[PDB]
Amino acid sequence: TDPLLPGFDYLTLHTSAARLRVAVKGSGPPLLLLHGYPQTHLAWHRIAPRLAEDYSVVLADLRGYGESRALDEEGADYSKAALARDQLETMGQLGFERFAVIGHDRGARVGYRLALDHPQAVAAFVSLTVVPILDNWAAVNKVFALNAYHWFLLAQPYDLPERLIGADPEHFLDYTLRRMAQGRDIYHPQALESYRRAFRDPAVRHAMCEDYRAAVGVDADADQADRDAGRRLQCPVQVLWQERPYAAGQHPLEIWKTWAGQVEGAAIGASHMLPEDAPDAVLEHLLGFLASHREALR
């Protein structure tokens, strides 16, 4: 019965390599919120309004997801580094050279790559559920690959996964969202229609496969280069993770401490879909982190 994103102004930004859908609200220090797969900026609908009471809030559809599209309709770059440049250009266009980044799922992957590549631009970074892909790949075993089968399917060469997931897009979308939510009734029916309409667009499905392809390839190469160079995130980092068992060496707080000198975080008793499943818990942690690092935002 609350409206979706009350008072958010919907924009379409024309950047060097993309046409990006953005929604903005608020004043004060800037926050960029980046959704994940197979979603859009509406995934933040339970979080963004509260944040916009105290901050400048920018919500974006990732390149190729939702209503955002690459201008190169044949061979665009959907690597995290390219999407990180999109974020620089987006925030710059809106008046911000330095900003906090809050990401979930693929959006957190864009976010950390942004922070690594462009440390002057990232005041603080929050990851919901994500650790760097280098660490994920090192952890692959039987159970991982069964649970996260789509990491392998969607990364197969063009156009195998596009043919398979494109056959009955809405069925695959619905199946995937239910599975990611552990069957919990977390999707606002109207947000859902938005996710569905995006997924019915073959270009969106292709951009999602390209994301997964990049994760295998160039994104992992970029992480390795940073590890080799000893390059770490320079800002405060918060990681919010799903309450579940983590193998030795796999705990998200432990992993982030190998990538950044200033790390904190908390477990949340919800599914992978933290923005929609546990918005009040997420907000409590986010608000406290941002307040505690108000000097970093300056």
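Residue positions are given as counts along the sequence shown, with the first one as 1.
Visitor: What stretch has the higher average Cα B-factor here, 259 to 267 or 43 to 51?
Guide: The stretch with the larger average C-alpha B-factor is 259 to 267.
Visitor: Tell me which stretch has the larger mean Cα B-factor in this entry, 218 to 226 or 68 to 76.
Guide: The stretch with the larger average C-alpha B-factor is 68 to 76.
Visitor: Which has the highest CA B-factor per the PDB entry: 192, 91, 208, 115?
Guide: Going by the entry's C-alpha B-factors, 192 comes out highest.
Visitor: For the CA B factor values reported in this entry, which option in 150, 184, 104, 197 has the top one?
Guide: Comparing C-alpha B-factors across 150, 184, 104, 197, the top value belongs to 184.
Visitor: Residue 120: which third of its chain by C-alpha temperature factor?
Guide: Highest third, going by the recorded CA B-factors of the chain.
Visitor: Could you place residue 248 in the lowest, middle or highest third of its chain by Cα temperature factor, using the values in the record?
Guide: Its C-alpha B-factor belongs to the highest third of this chain's values.
Visitor: Sort the modelled residues of this chain by their C-alpha B factor and say whether residue 27 lands in the lowest, middle or highest third.
Guide: Middle third, going by the recorded CA B-factors of the chain.
Visitor: Pull the Cα B-factor of residue 9 out of the PDB entry and bin it into the chain's lowest, middle or highest third.
Guide: Its C-alpha B-factor, which the entry lists for residue 9, ranks in the middle third among residues of this chain.
Visitor: Against its chain's modelled residues, does residue 277's Cα B factor rank lowest, middle or highest third?
Guide: According to the entry, residue 277 has a C-alpha B-factor in the chain's middle third.
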